[PDB]
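First up is the structure itself, then whatever we jot down about it.
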Number of protein chains: 4
Amino acid sequence: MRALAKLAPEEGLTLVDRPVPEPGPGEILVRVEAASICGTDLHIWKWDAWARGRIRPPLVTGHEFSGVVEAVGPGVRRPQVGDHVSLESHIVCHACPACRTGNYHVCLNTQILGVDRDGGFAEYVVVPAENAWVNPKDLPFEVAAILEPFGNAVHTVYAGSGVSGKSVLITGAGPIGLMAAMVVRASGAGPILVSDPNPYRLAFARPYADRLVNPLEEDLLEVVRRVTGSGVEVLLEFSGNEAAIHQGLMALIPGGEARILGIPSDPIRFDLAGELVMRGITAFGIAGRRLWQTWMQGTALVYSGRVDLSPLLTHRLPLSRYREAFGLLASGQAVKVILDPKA
Amino acid sequence: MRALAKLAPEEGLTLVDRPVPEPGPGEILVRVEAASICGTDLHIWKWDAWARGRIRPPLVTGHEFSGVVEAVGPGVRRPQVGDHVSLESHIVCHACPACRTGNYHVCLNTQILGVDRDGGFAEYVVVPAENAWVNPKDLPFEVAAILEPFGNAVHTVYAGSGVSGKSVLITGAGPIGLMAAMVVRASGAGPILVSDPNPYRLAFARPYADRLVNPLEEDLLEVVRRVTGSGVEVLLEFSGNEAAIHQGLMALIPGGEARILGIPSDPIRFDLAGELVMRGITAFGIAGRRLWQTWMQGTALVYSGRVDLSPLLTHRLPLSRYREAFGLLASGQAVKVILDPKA
Amino acid sequence: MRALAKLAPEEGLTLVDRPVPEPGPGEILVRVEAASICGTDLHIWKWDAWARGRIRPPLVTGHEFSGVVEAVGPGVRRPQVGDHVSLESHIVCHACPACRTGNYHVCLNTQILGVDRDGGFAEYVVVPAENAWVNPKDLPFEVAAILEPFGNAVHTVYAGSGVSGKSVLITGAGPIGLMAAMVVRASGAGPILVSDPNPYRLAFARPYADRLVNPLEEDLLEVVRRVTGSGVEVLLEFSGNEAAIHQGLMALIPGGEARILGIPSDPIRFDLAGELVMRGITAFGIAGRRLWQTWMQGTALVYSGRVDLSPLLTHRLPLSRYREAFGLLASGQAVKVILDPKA
Amino acid sequence: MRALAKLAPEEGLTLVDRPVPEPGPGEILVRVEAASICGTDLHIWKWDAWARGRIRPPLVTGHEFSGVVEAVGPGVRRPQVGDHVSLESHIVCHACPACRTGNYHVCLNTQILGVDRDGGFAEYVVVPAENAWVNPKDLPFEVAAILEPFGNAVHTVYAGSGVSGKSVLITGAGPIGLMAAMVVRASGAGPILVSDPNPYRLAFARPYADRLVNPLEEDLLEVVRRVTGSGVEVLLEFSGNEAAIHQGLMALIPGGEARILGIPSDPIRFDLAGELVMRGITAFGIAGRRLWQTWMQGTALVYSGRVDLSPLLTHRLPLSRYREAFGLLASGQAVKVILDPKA
Ligand SMILES: NC(=O)c1ccc[n+]([C@@H]2O[C@H](COP(=O)([O-])OP(=O)(O)OC[C@H]3O[C@@H](n4cnc5c(N)ncnc54)[C@H](O)[C@@H]3O)[C@@H](O)[C@H]2O)c1
Ligand SMILES: NC(=O)c1ccc[n+]([C@@H]2O[C@H](COP(=O)([O-])OP(=O)(O)OC[C@H]3O[C@@H](n4cnc5c(N)ncnc54)[C@H](O)[C@@H]3O)[C@@H](O)[C@H]2O)c1
Ligand SMILES: NC(=O)c1ccc[n+]([C@@H]2O[C@H](COP(=O)([O-])OP(=O)(O)OC[C@H]3O[C@@H](n4cnc5c(N)ncnc54)[C@H](O)[C@@H]3O)[C@@H](O)[C@H]2O)c1
Ligand SMILES: NC(=O)c1ccc[n+]([C@@H]2O[C@H](COP(=O)([O-])OP(=O)(O)OC[C@H]3O[C@@H](n4cnc5c(N)ncnc54)[C@H](O)[C@@H]3O)[C@@H](O)[C@H]2O)c1
Ligand SMILES: [Zn+2]
Ligand SMILES: [Zn+2]
Ligand SMILES: [Zn+2]
Ligand SMILES: [Zn+2]
Ligand SMILES: [Zn+2]
Ligand SMILES: [Zn+2]
Ligand SMILES: [Zn+2]
Ligand SMILES: [Zn+2]
């Protein structure tokens with residue numbers, strides 16, 4: 001079995017060759033058909049702070065993957081051999097406050113596939129049976145591979161009051177913010193504004209946004225004010241950029257909602273009273289995918305065709321050419337990159 | 001000025017010549033550009049049980065309309081002369097338990113234009129200033145004229161948990177149901193099924209619904225089982241047909257939501273324990289339009305093009321030819337019929 | 001081991017003597033310390049329609065019970081030997097629409113302890129480990145035994161908009177409606193009205209209600225109107241009595257919520273339009289306990305002392321004297337009856 | 001008439017003799033029976049940064065008061081002469097995006113009695129008719145006078161998911177925090193912890209909180225760990241102290257809610273990713289009182305006795321002795337100080 005792994009406390013990844021793992025009680029063996037990469041894999045790649053204080057080599061990485069169920073552990077009745085399944089990366093403890101409360105997306109003992117244990121950057125991987133989401137056989141594995149990150153967008157968009165019949169400002173047109181714009185557009189939001197200084201990705205939202213904006217070339221606040229008449233009702237933050245955050249909040253009309261998925265790199269300067277309290281803003285910190293509700297909403301949009309994730313898949317490279325795949329990541333020249341573990 | 005009114009407790013309406021109403025404090029004078037007809041108007045027209053117990057001749061009917069603010073009463077700050085407006089038919093008291101709660105759509109003292117007082121089937125109509133929703137000057141009056149019934153659809157769809165990423169079944173492809181079909185399609189529901197025995201009407205849903213069903217030709221329940229694998233998460237009831245209701249409630253999965261706008265003509269046989277309680281269903285009684293929240297969502301969808309009502313405007317006729325107009329609606333071989341009070 | 005079981009398709013129960021069951025994978029063995037009875041056990045007792053079309057003798061009954069964890073199945077890490085636990089009677093499939101959706105209280109393949117499989121009317125019983133709710137050692141088993149039905153009240157009360165700062169009308173002062181009145185009173189509802197023609201139980205709510213009402217001796221509608229000024233905001237239905245249902249709905253102000261737990265014996269005559277739709281009422285069909293959310297809210301009220309369930313425990317009889325316990329049930333002369341399986 | 005006003009941009013206030021204001025269209029004349037003082041009034045009194053940028057002398061201050069409707073302007077249907085009323089300090093415009101949404105508490109054009117125009121620190125005050133909340137004639141004016149700040153507590157507590165059956169931590173035992181403590185206790189929260197270094201104040205919470213904590217004496221976080229076994233489900237922030245905020249946000253369990261009313265004096269250092277996003281926390285910015293929804297809930301609790309504010313009224317003094325009154329509040333050795341404008 002071909003697999004991509006982090007073998008030591010250092011930069012880069014190593015294409016190794018492991019024995020096909022066997023599933024046990026409550027587990028299944030997935031024969032990966034497609035996998036994708038995101039900023040998290042990049043952190044590991046670069047072997048930065050985050051990675052250093054979290055990754056325990058040796059580890060086969062990859063948390064965005066899809067495939068077929070090859071065999072199941074003893075006593076596993078679901079899913080079944082032959083099922084096409086996408087994977088939920090978070091493995092929840094089912095024994096902490098968050099889990100009783102039903103907030104599995106924030107289980108205090110979360111274990112992320114490809115971050116804490118072997119992931120999908122391999123021809124085969126073993127995962128908990130409860131983490132497999134069965135997909136119709138006709139859903140392409142390449143789209144199926146990005147359902148996990150798509151779920152991050154879905155969760156952010158549908159959190160709080162949703163976006164149907166509401167004015168939306170999405171700050172950040174990265175892969176996720178991009179899926180968000182696809183979702184909000186299909187959810188009936190309007191007007192829909194998407195802001196991102198990078199024109200490459202910003203152009204990707206043109207067919208979904210009502211107004212594209214380069215905060216560097218144009219004054220976002222003024223554009224929003226010209227498009228809505230005042231502010232937006234919902235703010236979907238996917239940039240993690242302090243300047244964008246403060247800007248987004250100002251664009252919000254009093255009493256509106258700010259749904260934040262973006263992870264800033266450093267603590268921000270925040271005027272609680274001015275940006276949140278006095279304006280009656282509600283800030284929703286979005287993490288992971290609401291376990292199952294997010295997957296239902298998301299896959300429903302995808303299965304029925306309300307959204308088409310195909311245009312976000314810019315490159316598909318054999319797993320063996322991972323080096324280039326990660327270079328595209330750092331580059332930013334691609335949206336989502338699919339890795340074929342079979343080559 | 002030309003006007004259409006019920007001049008005595010009996011069938012039909014009479015084209016009459018009334019003087020132009022005068023707007024006083026807190027009122028405005030609206031020059032009607034377009035008006036539409038609905039089931040209610042048919043009730044009044046036929047003079048059935050419903051009408052007999054609610055209408056008090058002499059009454060100028062018409063509650064679905066739009067026009068220009070030709071004049072405003074002393075002290076009326078908004079809207080303004082020249083403004084293009086759609087009208088909220090319900091006039092609330094601001095002095096009842098419902099109003100104090102914000103549930104203006106169920107004001108204990110609700111008064112309805114074209115029902116309790118003179119409506120829009122005339123060249124001019126005086127309404128409360130606060131009932132005029134100013135539209136963009138470029139919105140076609142015909143569409144503006146049907147924002148009221150559109151709101152009934154909007155209210156129903158966005159009530160409760162909404163429909164984004166949810167399987168939806170719509171019983172009733174009448175005008176309001178079709179509008180609901182447009183809205184849910186534009187809101188990201190899926191799969192989307194619409195049921196109605198009138199083929200002429202069921203057809204207008206073809207571009208919005210994922211599955212059309214003639215309950216007389218097919219077993220709606222079994223069709224839903226195939227389309228969703230079990231039931232729908234949301235049932236939007238717009239028929240008022242007892243059989244449809246029980247059927248619709250059966251197509252609901254346990255824990256689902258039933259949003260009901262439909263007005264059944266007679267009490268129904270209801271197995272409370274079997275159709276609601278034991279299945280954890282929640283039934284939402286939908287009445288009117290949430291004041292402003294519904295208009296915001298609905299006009300947002302319309303203004304931005306998320307939805308396009310134009311295909312619902314099947315007929316146009318001068319007010320002088322109302323007889324023909326009501327006959328059409330009566331036949332059910334029409335969706336939204338527009339009356340022009342100027343001719 | 002002493003156990004009470006239904007051994008044949010007939011009335012009554014038989015005190016038998018079985019071998020102590022052994023827990024297996026994912027199971028635990030509970031040494032019951034206290035058990036209680038409700039209308040469901042009564043149905044079985046009487047061997048009526050419900051029971052006949054649901055009970056498969058031989059069966060050890062009882063679903064309201066508490067006790068200590070004696071031993072656990074192999075591989076069970078929670079709960080632990082020594083833990084005091086109350087039991088959730090519903091065993092969910094974790095493989096049906098309702099479960100993905102998180103509505104376990106309505107799992108389509110629910111299996112009720114003491115209704116579909118051996119229950120707690122025995123010194124020992126084996127149940128799924130996930131169904132045990134650990135309680136502090138100092139919570140009396142007698143109170144712990146009724147947490148299950150208390151959860152039915154909690155679920156009804158906190159469904160929808162809750163009751164804090166709201167006027168409440170509870171129709172039905174049976175054991176459950178009684179716990180409800182205790183809950184709403186502790187949740188800050190007010191004014192609080194409790195209606196029940198049976199003065200025995202109606203008096204039990206005196207220390208919790210603001211107004212007790214005998215619908216037979218007094219006109220409920222008038223009392224509500226005198227206490228609130230119009231109607232109540234919330235209706236908690238626990239009687240299943242058609243007359244009470246129609247009455248309760250009328251007492252509701254337009255736009256209010258009706259939370260229904262009560263199971264009517266026959267289909268009711270329901271005027272959808274008049275009692276629900278036109279008044280903008282939302283009817284919440286409450287079933288079971290929201291899996292875990294209900295238990296959290298409920299046990300929180302109980303552990304912190306916000307509510308004291310002690311006064312609802314009117315009788316405690318040895319299990320061997322079940323005959324009398326069931327007679328009290330039918331009698332209605334008691335609230336909750338505790339059965340001591342150790343005698 | 002006697003009045004207390006800021007007559008120039010500097011410290012202190014001046015007892016002056018102003019003529020009796022006259023109520024015009026849509027207004028009423030209120031004869032003040034009692035008024036209270038709050039932090040805002042202290043700001044104005046000290047003439048600090050906050051005041052300097054908001055106050056425009058000459059200003060009669062006082063926004064927390066109650067009295068009798070002595071007169072009404074032409075056409076004022078409600079309230080009526082003789083009515084006992086409490087006043088909503090915020091005067092909304094009914095013509096901004098916040099108002100159209102119903103979020104009147106954050107009206108873009110909010111005007112505040114005793115801040116932007118003459119308030120209640122006088123024998124008479126003219127206010128908008130719609131700002132008068134009629135109370136039962138038997139409610140003590142002193143209590144009626146503090147329903148405004150009480151509403152800030154109510155709004156905070158019932159925002160989001162409320163507090164029933166939930167563990168709650170309250171940071172800030174200032175007047176509003178104590179009121180929140182009363183409310184949560186009466187709403188069924190538990191365990192309930194309140195934190196504040198001022199022992200004089202922390203003490204008033206003793207009868208409502210389950211655990212009192214002096215963050216200077218004990219480690220609040222570790223105390224919460226012992227009381228709940230982990231964290232609280234809800235954090236009600238009423239201090240505005242940065243340290244308290246971070247601490248409070250840490251005591252929150254993942255997926256919890258932080259409702260913030262507290263106004264920090266300076267921007268804070270906020271690790272958005274660590275304190276909000278990654279932990280799935282939702283921060284609710286609380287401003288003012290939801291118009292009518294908050295007053296309903298709050299007066300409901302008060303009218304029915306679910307809560308009793310009397311113990312919060314620590315001092316009473318004629319308006320002529322405001323100096324003494326402000327000094328007390330300034331020392332923090334007082335909770336709600338009542339000023340009597342008649343003396
Ligand atoms: N909360 C969670 O569980 C979770 C999960 C996965 C990813 N994330 C985070 O969510 C964010 C979005 O993910 P992504 O893959 O799209 O990231 P990305 O870094 O690829 O995209 C961020 C985008 O922000 C844009 N941006 C920068 N400054 C901006 C500004 N001032 N205004 C508007 N846009 C601006 C950039 O052009 C960039 O395309 C990242 O910060 C990521 O780390 C969070
Ligand atoms: N609650 C409110 O405030 C409010 C406001 C306006 C209208 N309404 C009511 O809402 C409903 C919708 O309005 P509309 O103008 O679209 O009504 P409509 O009468 O034009 O349409 C009702 C449709 O139900 C269809 N139908 C009949 N039996 C059916 C069945 N067995 N299964 C599926 N469909 C079936 C009919 O063919 C018809 O097209 C009406 O009942 C109306 O009275 C309520
Ligand atoms: N939905 C569920 O999952 C679920 C679970 C358990 C029990 N239940 C049902 O909930 C209901 C309440 O349970 P319970 O144990 O308190 O039942 P119960 O039968 O002991 O009490 C019902 C009460 O209704 C009262 N009542 C009858 N007519 C009335 C009227 N006209 N007005 C006011 N009160 C009236 C009676 O005096 C009686 O005390 C029952 O119908 C029970 O079968 C439902
Ligand atoms: N958002 C709004 O519309 C609105 C309206 C009114 C008041 N407020 C604000 O709400 C807050 C509460 O009002 P108040 O009158 O009760 O305020 P207050 O100033 O009387 O009380 C604040 C309390 O915080 C306590 N405190 C200080 N450090 C603490 C710490 N480290 N941990 C715990 N407690 C600590 C203080 O001892 C003090 O008693 C204030 O900040 C006020 O400015 C906001
Ligand atoms: Zn990823
Ligand atoms: Zn967990
Ligand atoms: Zn109509
Ligand atoms: Zn009203
Ligand atoms: Zn029971
Ligand atoms: Zn299930
Ligand atoms: Zn104040
Ligand atoms: Zn405003």
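Whatever order the structure lists ligands and atoms in, that order sets their numbers, starting from 1. Letters A, B, ... are given to chains in the order of the sequence lines, protein chains preceding strands, and every chain is numbered from 1. Side chains are part of it too, since the values below use all heavy atoms of this structure and drop only hydrogens, waters and symmetry mates.
- Taking 4.5 Å as the limit, some side-chain heavy atom of A:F204 sits within range of a side-chain heavy atom of A:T314.
- Between B:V335 and B:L329, the shortest heavy-atom distance links the atoms O-CD1, 3.7 Å.
- Counting only distances under 2.8 Å, and ignoring water, the protein N, O or S atoms around the Zn ion (ligand 6) are A:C93 SG, A:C96 SG, A:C99 SG, A:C107 SG.
- Judged purely by atom type and a 3.5 angstrom limit, B:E242 uses its side chain to pair as donor or acceptor with the backbone of B:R269.
- Across every non-hydrogen atom of A:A205 and A:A181, the tightest pair is CB-CB, 4.5 Å.
- At least one donor-acceptor pair under 3.5 Å links the side chain of A:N131 to the backbone N or O of A:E88.
- With hydrogens and angles disregarded, a donor-acceptor distance shorter than 3.5 Å links the side chain of B:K336 to the backbone of B:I37.
- For B:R211, the side-chain contact (heavy atoms from CB on, under 4.5 Å) test picks out B:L193, B:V213, B:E218, B:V223, B:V227, with sequence neighbours left out.
- The stretch residues 98-116 of chain A participates, sequence neighbours left out, in these salt bridge (charged side-chain N to carboxylate O under 4.0 Å, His left out) pairs: A:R54-A:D116.
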Could you list each N/O atom of ligand 2 together with any protein N/O atom closer than 3.5 Å, one pair per line with the distance?
| from | atom 1 | to | atom 2 | distance (Å) |
| --- | --- | --- | --- | --- |
| ligand 2 | 1 (N) | B:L261 | O | 3.3 |
| ligand 2 | 1 (N) | B:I286 | O | 2.8 |
| ligand 2 | 3 (O) | B:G288 | N | 3.0 |
| ligand 2 | 16 (O) | B:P175 | N | 3.2 |
| ligand 2 | 16 (O) | B:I176 | N | 3.0 |
| ligand 2 | 20 (O) | B:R201 | NH1 | 2.9 |
| ligand 2 | 31 (N) | B:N241 | OD1 | 3.4 |
| ligand 2 | 34 (N) | B:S195 | O | 3.3 |
| ligand 2 | 37 (O) | B:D196 | OD1 | 2.8 |
| ligand 2 | 37 (O) | B:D196 | OD2 | 3.3 |
| ligand 2 | 39 (O) | B:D196 | OD2 | 2.9 |
| ligand 2 | 39 (O) | B:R201 | NH1 | 2.8 |
| ligand 2 | 41 (O) | B:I263 | N | 3.2 |

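- Contact annotation: the side chain of B:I338 approaches that of B:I146 to within less than 4.5 Å [non-hydrogen atoms, C-beta and beyond].
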